[PDB]
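Input: a single structure, listed below in structure tokens.
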Amino acid sequence: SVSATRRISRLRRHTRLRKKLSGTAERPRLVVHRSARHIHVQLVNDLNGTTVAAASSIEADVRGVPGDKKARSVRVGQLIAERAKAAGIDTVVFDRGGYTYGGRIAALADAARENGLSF
Amino acid sequence: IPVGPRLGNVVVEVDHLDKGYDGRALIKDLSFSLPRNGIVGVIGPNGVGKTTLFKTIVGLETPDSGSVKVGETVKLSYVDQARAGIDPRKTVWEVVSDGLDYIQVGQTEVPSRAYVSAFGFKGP
Amino acid sequence: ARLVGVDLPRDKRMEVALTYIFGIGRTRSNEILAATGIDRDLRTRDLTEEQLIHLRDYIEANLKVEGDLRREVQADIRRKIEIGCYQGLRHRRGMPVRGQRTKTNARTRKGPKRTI
Amino acid sequence: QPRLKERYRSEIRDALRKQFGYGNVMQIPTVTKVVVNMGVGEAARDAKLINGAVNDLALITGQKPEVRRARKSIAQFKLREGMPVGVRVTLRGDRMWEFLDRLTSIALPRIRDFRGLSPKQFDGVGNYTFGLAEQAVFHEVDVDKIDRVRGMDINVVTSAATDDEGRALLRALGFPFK
Amino acid sequence: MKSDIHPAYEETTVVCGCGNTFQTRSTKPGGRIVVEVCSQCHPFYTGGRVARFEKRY
RNA sequence: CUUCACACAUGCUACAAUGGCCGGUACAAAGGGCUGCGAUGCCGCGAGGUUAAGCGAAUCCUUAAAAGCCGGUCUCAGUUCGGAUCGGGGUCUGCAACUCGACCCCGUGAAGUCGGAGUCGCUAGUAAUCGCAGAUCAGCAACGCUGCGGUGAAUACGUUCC
RNA sequence: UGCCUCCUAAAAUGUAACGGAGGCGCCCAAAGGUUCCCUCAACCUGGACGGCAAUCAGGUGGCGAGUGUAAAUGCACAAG
Ligand SMILES: Nc1ncnc2c1ncn2[C@@H]1O[C@H](COP(=O)(O)OP(=O)(O)O)[C@@H](O)[C@H]1O
Ligand SMILES: [Mg+2]
Ligand SMILES: [Mg+2]
Ligand SMILES: [Mg+2]
Ligand SMILES: [Mg+2]
Ligand SMILES: [Mg+2]
Ligand SMILES: [Mg+2]
Ligand SMILES: [Mg+2]
Ligand SMILES: [Mg+2]
Ligand SMILES: [Mg+2]
Ligand SMILES: [Mg+2]
Ligand SMILES: [Mg+2]
Ligand SMILES: [Mg+2]
Ligand SMILES: [Mg+2]
Ligand SMILES: [Zn+2]
């Protein structure tokens with residue numbers, strides 16, 4: 001199989017970078033989840049497991065943005081940047097999610113550094 | 001020197017060879033044939049056309065007029081004046097070999113470090 | 001030029017070049033070059049693709065060449081051994097079959113000298 | 001658009017729903033890769049496979065191969081670890097369909113005294129593997145500009161679950177069996 | 001790595017002595033690969049001692 | 001009496017270009033022949049099969065001598081050298097060819113690239129090479145032996161040495 | 001005869017004998033630093049030369065492989 005290979009291989013890449021990157025209450029952790037159609041993102045606070053802010057491409061604001069999938073990654077990257085600042089967050093650590101930094105995720109990350117977050 | 005296979009009655013035949021690079025002509029109308037079981041010496045001053053005579057025989061040049069003819073039996077071995085095969089930033093072992101243990105020296109397999117230590121390069 | 005799976009050697013006269021096929025010698029190669037009109041004194045480098053079709057089918061209708069000839073020679077030897085005839089016992093031991101002399105010769109069915 | 005690929009999804013793809021009773025079109029088998037390697041064991045001596053075993057599989061299959069190294073040392077085979085002993089090329093996608101056409105149409109009946117391929121060479125899941133003779137059959141290499149002759153062996157890897165499910169697939173593509 | 005290390009692989013026309021011909025993509029220069037036997041003009045793609053005593057007598 | 005882990009001896013054919021093969025064309029001597037020698041004619045790729053002229057033979061048959069000569073091709077190769085071994089299909093003689101015959105046709109194409117210590121023959125129509133015939137004999141293991149002619153050399157200072 | 005690991009050593013540490021077994025007087029310019037990526041051995045089935053075992057392909061396999069070097073403690077999250 002290849003669909004069962006890809007889940008096991010990316011949650012092993014996700015555990016490898018998780019040993020050294022955890023994220024706390026004053027510096028939360030921006031966790032991306034990249035599918036073929038959308039991307040989801042949330043700030044997780046790994047001391048009691050509590051998401052403080054979240055944004056996704058499946059809601060109505062990101063769905064009506066013209067262009068490719070990188071431009072919808074920029075739009076969801078601007079949403080969780082302006083939702084982190086409504087909860088008192090201005091510095092986070094960036095969780096790759098097991099993926100490769102580049103493409104849609106680096107377009108999410110660079111669109112969140114322009115709008116306030118300082119990673 | 002390792003011995004090779006059986007050598008025929010026709011070793012190298014040269015019939016009316018002409019060779020040059022420019023208006024200066026080096027070899028002009030030469031006819032000879034290399035014998036079987038002998039030592040042949042090539043004599044001449046510098047810059048006169050002796051390494052070009054080998055490089056038409058080994059197949060790295062092209063004659064102007066006339067042909068070079070070898071024969072079906074001859075396996076050719078060619079040491080060179082310029083030492084072009086040996087590269088400086090590679091050790092004396094792994095130029096003879098290529099990281100391999102055993103090499104071919106003509107239908108036999110001697111070990112490579114046993115081969116270079118037969119050429120004086122012994123130990124470290 | 002491949003003819004039946006034999007890959008004829010270049011610069012060789014067609015009288016003799018066809019004899020490198022396992023199954024054709026000098027007399028049978030004289031009738032390959034008779035029923036197809038190709039002359040005897042022609043080199044094999046000048047062999048036309050229109051010519052080579054004419055003698056890749058006269059052989060397959062009238063001759064017996066590689067593969068299905070060499071599997072007839074080794075099968076007739078195979079017939080003699082398990083039926084237990086005299087030549088079959090004589091093939092299993094490497095001694096000559098056609099009533100030859102085995103006292104001072106037959107160094108072809110046998111090897112070189114063993115020298116006890 | 002290669003002709004063997006379009007012939008696959010025109011009548012081969014539909015015929016396997018009749019010979020085997022599948023309930024879904026995703027279950028229909030499909031060849032996924034064709035792996036070719038020389039396996040040059042006479043490279044632990046003489047170190048000459050770059051000129052001879054790489055320049056020919058590049059011409060046969062289309063892309064340059066990978067040199068494979070030995071995993072463990074064997075004293076009886078005159079071999080080390082990390083020594084070049086094998087040369088592999090993997091064919092995917094549209095160059096797979098062009099190689100499987102060019103193998104079965106014009107190549108494979110150039111084997112000297114050819115009589116077929118055996119249909120018992122499945123591994124148990126549906127993956128066929130045969131072997132060839134030398135640097136003959138493929139026209140893209142020539143017999144005059146080469147070193148010593150050397151053969152290969154060719155895997156064909158399908159998505160079929162069992163043996164005869166892959167036998168019916170390769171009979172339709174054009175492998176001669178007996 | 002799928003750039004200027006792989007050899008030339010361009011479209012190619014193959015003809016046979018029988019008359020069958022088709023078009024694929026190969027490495028032969030000029031697109032002029034010419035066969036003398038193909039998948040339709042080859043055999044296998046299209047097809048005792050007692051009896052010899054009677055033939056003698 | 002013909003066996004075969006081996007060993008010696010006498011020969012034959014070779015290892016090629018002073019040669020191989022293909023086509024054309026000259027020149028012998030001595031012998032043998034009625035339970036035979038088969039001219040000619042036809043049949044067979046060939047061994048041979050059949051018909052039958054002539055002849056106890058300076059008559060008829062054996063009888064095409066081969067090297068040689070002229071021309072063509074092969075171009076130094078384990079080969080268009082070499083023809084061993086083996087597979088198939090045949091002819092002949094003979095009650096009968098398995099052990100164990102010769103010959104023919106096709107296919108197969110082994111060793112061998114001039115031979116270690118040693119050793120052999122030959123002084124002229126000789127050696128070296130090429131054929132042909134006879135005796136025994138139904139046939140034949142005829143490359144042996146006894147003969148026959150063709151082409152045809154090189155050296156002999158000398159008696160120191162074996 | 002100094003150093004390093006185990007057992008003796010009696011479930012912290014330490015503990016003698018001319019008690020029981022073994023290593024060291026180096027090696028590596030990458031076998032260091034960092035960033036990313038991968039899972040091994042063995043067994044079974046299929047495959048030109050190719051054999052028990054070279055390279056290929058597919059199943060099975062949670063540590064039995066591996067660690068420059070002795071042993072113990074570690075290491076599959078890998079320190080492989
Ligand atoms: N590639 C080249 N192009 C032009 N001239 C050349 C080249 N190589 C050599 N030559 C000339 O050939 C002449 C003879 O060289 P040669 O005598 O063969 O060298 P060697 O002395 O090594 O034998 C030299 O004078 C040189 O100038
Ligand atoms: Mg010089
Ligand atoms: Mg006797
Ligand atoms: Mg001959
Ligand atoms: Mg006639
Ligand atoms: Mg002549
Ligand atoms: Mg030999
Ligand atoms: Mg010779
Ligand atoms: Mg006298
Ligand atoms: Mg007689
Ligand atoms: Mg304690
Ligand atoms: Mg205690
Ligand atoms: Mg490093
Ligand atoms: Mg590591
Ligand atoms: Zn055809």
Side-chain angles (χ1 to χ4, degrees), chain D residues 1-16 28-38 56-65 88-111 114 116-119 121-123 125-133 135-141 151-160 163-178, chain E residues 6-7 9-14 16 20-28 31 33 35 37-42 44-45:
Chain D
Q1 183 61 255
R3 62 180 288 269
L4 186 61
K5 185 180 179 181
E6 55 90 21
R7 185 260 188 90
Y8 172 76
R9 62 173 60 91
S10 297
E11 69 266 15
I12 297 171
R13 182 76 184 272
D14 294 331
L16 296 175
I28 300 169
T30 296
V31 51
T32 60
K33 63 182 174 69
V34 173
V35 179
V36 175
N37 58 343
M38 288 290 174
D56 56 358
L57 285 177
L59 295 175
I60 291 168
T61 63
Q63 65 257 23
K64 190 186 78 68
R88 171 171 64 94
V89 56
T90 304
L91 299 170
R92 307 300 296 262
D94 291 332
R95 289 191 296 273
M96 178 184 70
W97 296 107
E98 290 176 349
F99 181 76
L100 282 178
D101 191 10
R102 192 171 64 247
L103 186 67
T104 63
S105 295
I106 69 167
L108 196 64
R110 285 173 61 89
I111 297 170
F114 179 72
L117 296 176
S118 178
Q121 292 179 354
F122 289 160
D123 58 355
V125 183
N127 303 321
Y128 187 76
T129 300
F130 70 101
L132 293 177
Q135 291 181 355
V137 172
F138 299 103
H139 294 94
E140 290 85 6
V141 293
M152 65 190 74
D153 47 351
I154 296 172
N155 295 105
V156 171
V157 179
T158 67
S159 296
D163 286 331
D164 52 357
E165 188 178 2
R167 189 176 293 114
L169 182 62
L170 296 176
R171 182 70 61 85
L173 293 175
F175 279 160
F177 297 109
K178 63 184 183 291
Chain E
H6 301 290
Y9 189 78
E10 65 267 13
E11 60 93 21
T12 306
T13 302
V14 48
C16 183
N20 192 2
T21 184
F22 61 95
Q23 191 268 332
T24 56
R25 197 163 70 245
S26 175
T27 61
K28 182 68 71 177
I33 181 173
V35 305
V37 61
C38 72
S39 176
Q40 294 178 356
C41 67
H42 190 271
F44 186 76
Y45 288 152

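Chain identifiers are assigned alphabetically (A, B, ...) following the order of the sequence lines, protein sequences preceding nucleic acid strands; residue numbering begins at 1 within each chain. Hydrogens, waters and symmetry mates play no part in the numbers below; they use all other heavy atoms, side chains included.
Distance check: E:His42 NE2 to D:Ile106 CD1 gives 13.5 Å after rounding to the nearest 0.5 Å. Taking CG from D:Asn155 and CG from D:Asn37, the interatomic distance works out to 7.0 Å, rounded to the nearest 0.5 Å. The distance from the CE atom of D:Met38 to the CD atom of D:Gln135 is 5.5 Å, given to the nearest 0.5 Å. To the nearest 0.5 Å, atoms OG1 (E:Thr12) and CZ (D:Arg102) are separated by 8.0 Å. Expressed to the nearest 0.5 Å, how far CZ of D:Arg7 lies from CZ of D:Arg13 amounts to 15.5 Å. How far CG of D:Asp56 is from CZ of D:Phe138: 10.0 Å, rounded to the nearest 0.5 Å.
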E:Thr13 and E:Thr21: CA distance, side-chain angles, deciding distance, side chain to side chain contact (heavy atoms under 4.5 Å, CB included) verdict
CA-CA 8 Å; E:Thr13 302; E:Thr21 184; 4.1 Å; yes
Would you please test E:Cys41 and E:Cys16 for side chain to side chain contact (heavy atoms under 4.5 Å, CB included) and show each step?
CA-CA 9 Å; E:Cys41 67; E:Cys16 183; 3.6 Å; yes
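In this structure a side-chain-to-backbone donor-acceptor pair under 3.5 Å is present from D:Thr158 to D:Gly126.
Here the side chains of D:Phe122 and D:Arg167 are in contact, with some heavy-atom distance below 4.5 Å. Inter-residue side-chain proximity for D:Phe177 and D:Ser118 is flagged as unmet; no heavy-atom pair is nearer than 4.5 Å. Two residues are said to be in side-chain contact when any heavy atoms from C-beta on lie closer than 4.5 Å; D:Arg88 and D:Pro65 fail this criterion. In this structure, the side chains of D:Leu169 and D:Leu16 come closer than 4.5 Å at one or more pairs of heavy atoms. Between D:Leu132 and D:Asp153 there is no side-chain heavy-atom pair separated by less than 4.5 Å. Side-chain contact between D:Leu117 and D:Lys178 is absent, with no heavy atoms from C-beta onward closer than 4.5 Å. Side chains of D:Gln63 and D:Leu91 form a contact here, defined as non-hydrogen atoms less than 4.5 Å apart. Taking the side chain as every heavy atom from C-beta outward, D:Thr129 and D:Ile154 never approach each other to under 4.5 Å.
When each of D:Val36, D:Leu103, D:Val141 is tested with D:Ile60 by the rule side-chain contact (heavy atoms from CB on, under 4.5 Å), just one qualifies, namely D:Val141. The one candidate from D:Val89, D:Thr104, D:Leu4, D:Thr61 that meets the side-chain contact (heavy atoms from CB on, under 4.5 Å) condition with D:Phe99 is D:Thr61.
The two atoms that bring D:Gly62 and E:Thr27 nearest to each other are CA-CG2, 4.2 Å, heavy atoms only. A pairwise comparison of heavy atoms in D:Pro109 and E:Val37 identifies O-CG1, 4.1 Å as the closest pair. Residue D:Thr32 comes nearest to D:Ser159 through the heavy atom pair CG2-OG, 3.4 Å, listed as atom of the first residue, atom of the second, then distance. Across D:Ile12 and D:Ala172, no two heavy atoms sit closer than the pair CD1-O, 3.5 Å. Of all heavy-atom pairs between D:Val137 and D:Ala107, the closest is CG1-O, 3.2 Å. Minimum heavy-atom separation, D:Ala58 to E:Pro7: O-CG, 3.7 Å.
At a cut-off of 3.5 Å, with distance as the only test, a side-chain donor of D:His139 or D:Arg110 sits close to an acceptor on the other residue. Side chain to side chain, E:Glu11 and E:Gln23 meet the donor-acceptor criterion of an N or O pair below 3.5 Å. In summary, the side chains of D:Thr90 and D:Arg92 do not present any donor paired with an acceptor at a separation below 3.5 Å, with no hydrogens or angles considered. For the 3.5 Å distance criterion, the side chains of E:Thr24 and D:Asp101 fail to qualify, holding no donor opposite an acceptor.
For the pair D:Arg3 and E:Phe22, the cation sits on the ring face: its NZ or CZ lies under 6.0 Å from the ring centre, inside 45° of the axis.
Using cut-offs of 30° and 60° for the angle between ring planes, the D:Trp97 and D:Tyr8 rings count as tilted. Ring geometry for D:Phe130 versus D:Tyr128: interplanar angle of 30 to 60°, hence tilted.
Classification of D:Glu98 and E:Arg25 as a salt-bridged pair holds, one side-chain N sitting under 4.0 Å from a carboxylate O.
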